[PDB]
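A.B. asks: Would you mind keeping the following structure in view while I ask a few things?
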Amino acid sequence: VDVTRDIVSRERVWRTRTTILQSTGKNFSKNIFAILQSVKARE
Amino acid sequence: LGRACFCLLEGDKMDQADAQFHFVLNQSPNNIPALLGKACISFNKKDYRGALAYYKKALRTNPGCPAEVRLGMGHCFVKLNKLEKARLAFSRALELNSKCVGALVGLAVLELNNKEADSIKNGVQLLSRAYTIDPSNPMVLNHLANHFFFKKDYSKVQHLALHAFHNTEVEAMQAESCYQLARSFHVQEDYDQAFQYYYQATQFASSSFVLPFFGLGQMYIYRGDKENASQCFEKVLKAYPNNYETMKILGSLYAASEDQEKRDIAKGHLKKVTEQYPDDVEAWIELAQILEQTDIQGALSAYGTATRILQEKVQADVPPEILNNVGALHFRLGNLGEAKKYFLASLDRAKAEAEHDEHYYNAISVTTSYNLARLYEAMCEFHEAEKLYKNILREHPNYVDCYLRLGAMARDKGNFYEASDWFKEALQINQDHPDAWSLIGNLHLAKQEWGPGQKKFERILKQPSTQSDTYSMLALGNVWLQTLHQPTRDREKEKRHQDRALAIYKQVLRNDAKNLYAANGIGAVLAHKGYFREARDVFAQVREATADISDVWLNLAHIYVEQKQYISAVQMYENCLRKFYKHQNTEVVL
Amino acid sequence: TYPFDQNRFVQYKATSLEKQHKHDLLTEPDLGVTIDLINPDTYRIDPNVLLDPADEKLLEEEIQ
């Protein structure tokens, strides 16, 4: 109905699900994938 | 001379023309306009020093010149703010011949600096006399045009700006002609034509000045063309920053979220105007409107003086959208009680919006009541939360979030309640809804015997419209890891499960480097692979990333007791016990 | 969000940014003079030469 688009337009979402999982700092995964490959070097 | 002046007509072979004029000085430097034609070339190469070097040689000799060598003298003195010499040159030009146009229009532009001071002599003596001695001069036509604009004579500006366009043929002049016709039809709201004028004004001579760029950018607010408004307004900041050019990019906020190319510049403009006050009213509104992603206290402060700023120009009550949002801020703060007061007075002000179904104060009250019911949940006043939720759903049953927060409330009581059924009917009203659909399997997390069955109930919206869903695919990883610590790893079954969870974790690794629950999963599965020296490091990363993940506290101390580092472990166990969750969590003391 | 007016129009106006601009004189690209060695049929170099006080203070580049 008009109420649905009427509300979901005017509000805002600053807090979702997905960026909870993502960290507020910058933690890249190269270090993570480097040790991922390093344990594979033990394999 | 004939071939050198042949070159200036076409805009090329210009240094060639200068060379053939300097061929004159090495054959016959016996008169000055041979070398003055060098100096106009030098002037048009923006070398006013090289112009005036030969121009000193003009007035020492002064050949027969009714064309007033002093006119170009003053125009070079117009350059680089040698104005007092420009005035004296145009004056002696007028004394030799008052009929000449260039001196009077030069002083006209020279006193275009002061408009509130010496208005009349600019308007009539400096301009209308030039119009009298030549009514076809596109300079004086342009200047009476912009004067008539400011004198609010919007008729004869369009009489003579067309001629000011046609009579000139150089780009910047007809750029200004199109720009002035554009500002004429802009205040006359004939914006379709004036848009074309603004674009032509930009396209003719662009490096001249930036008002046509501003005209196009604000014209892109017409007709929804605002994508080019940002791009065109960027050159206004490339021109020079001003208070003006903040608000255009601030209101034209393509910055929605995680888009810093419009958001960092928004921050810069907002702290370009926050210290200022060009009657700042909404400046705090669009301050805080990006601050809700950022620090919340900045948004609080913006709303604080924004509450005031609506009271002094007129004692006007704050619109309830502001007050609802500041209560929403205090919801994530400790200021829960006055957040409730904000929602109450928000609903009252929406009631004070008695006739505003255009603005739909009723819908604003709907979402305000949603926020207030969410607040009553924070009070643990689930009774009144039920009341507000059923009030909204009995009047807007199409809404889903109220339909499931009710379900979440009964989930706090338990799973097979109408919790699970509100959740399923939320999919019945909206099967496209990924949040509720995730919450369906979230219910099924309670039934871990429904472990391998969760492939199906987390496949339903693995339709790629919903994909990518990091939350759900990490849920797949988690239901895949709870399979572990079984005596079937030696049977290669949990080894395959470990590597499958590893594959999920690699997938979420590549699509997101900055997820932390992922890295927790990788460290967990490799710790189950017996690499505990290889685990405290990867958990250390998410440890600085955020300490406020209850899982990593446990998983680090598991490593510690695996080195038998109890005196490093149990303290962090009770640190995990510092959350307000459960006085005796069982597995933690286990 | 706030229901902002679409600011498709100027009333402040930009006139602070407008009259600060000093406008070029490009009526004739060789700077408003016909460049000719034939139309000087006359010459002040003959007795007597003429040079106004304004003309000497324009014969200087920058001496103030």
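Swiss-Prot numbering applies to chain B: residues 132-721, in that order.
Backbone N, Cα and C define each Cβ position, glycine as well.
Dumping what Swiss-Prot says about this protein:
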REPEAT    B:163-196  repeat 'TPR 3'
REPEAT    B:198-231  repeat 'TPR 4'
REPEAT    B:235-268  repeat 'TPR 5'
REPEAT    B:306-339  repeat 'TPR 6'
REPEAT    B:341-374  repeat 'TPR 7'
REPEAT    B:412-444  repeat 'TPR 8'
REPEAT    B:451-484  repeat 'TPR 9'
REPEAT    B:497-530  repeat 'TPR 10'
REPEAT    B:531-564  repeat 'TPR 11'
REPEAT    B:566-598  repeat 'TPR 12'
REPEAT    B:613-646  repeat 'TPR 13'
REPEAT    B:681-714  repeat 'TPR 15'
A.B. asks: Residues of the same chain, at least six outside the repeat 'TPR 5' (B:235-268), with any C-beta under 8 angstroms of its C-beta?
C.D. replies: 202, 205-206, 209, 214, 217-218, 221, 225, 274-275, 278, 281-282, 294, 298
A.B. asks: Give the nonlocal contacts of the repeat 'TPR 15' (B:681-714) in its own chain as ranges (CB under 8 Å, at least six residues past its ends).
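C.D. replies: Same-chain residues near the repeat 'TPR 15' (B:681-714) but 6 or more away: 651, 654-655, 658, 663, 666-667, 670, 673-674, 720.
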A.B. asks: Going by DSSP assignments with H, G and I as helix and E and B as strand, what are the residue counts for the repeat 'TPR 11' (B:531-564)?
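C.D. replies: Going by DSSP assignments, the repeat 'TPR 11' (B:531-564) contains 24 helix, 0 strand, 10 coil.
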A.B. asks: By Cβ distance under 8 Å, which residues at least 6 away from the ends of the repeat 'TPR 4' (B:198-231) in the same chain are close to it?
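C.D. replies: Hits for the repeat 'TPR 4' (B:198-231): 163, 167, 171, 174, 179, 182-183, 186, 189-190, 237-238, 240-241, 264.
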A.B. asks: Looking at B:163-196, B:306-339, B:412-444, B:497-530, B:566-598, which one has the highest count of Cβ pairs under 8 angstroms to the repeat 'TPR 9' (B:451-484)?
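C.D. replies: Looking only at B:163-196, B:306-339, B:412-444, B:497-530, B:566-598, the most contacts with the repeat 'TPR 9' (B:451-484) come from B:497-530.
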A.B. asks: Per DSSP, what is the residue tally for the repeat 'TPR 15' (B:681-714) in helix, strand and coil?
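C.D. replies: Summed by class, the stretch gives 24 helix, 0 strand, 10 coil.
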A.B. asks: With DSSP as the yardstick, break the repeat 'TPR 4' (B:198-231) down into helix, strand and coil residue counts.
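C.D. replies: Split into helix, strand and coil, the repeat 'TPR 4' (B:198-231) gives 27 helix, 0 strand, 7 coil.
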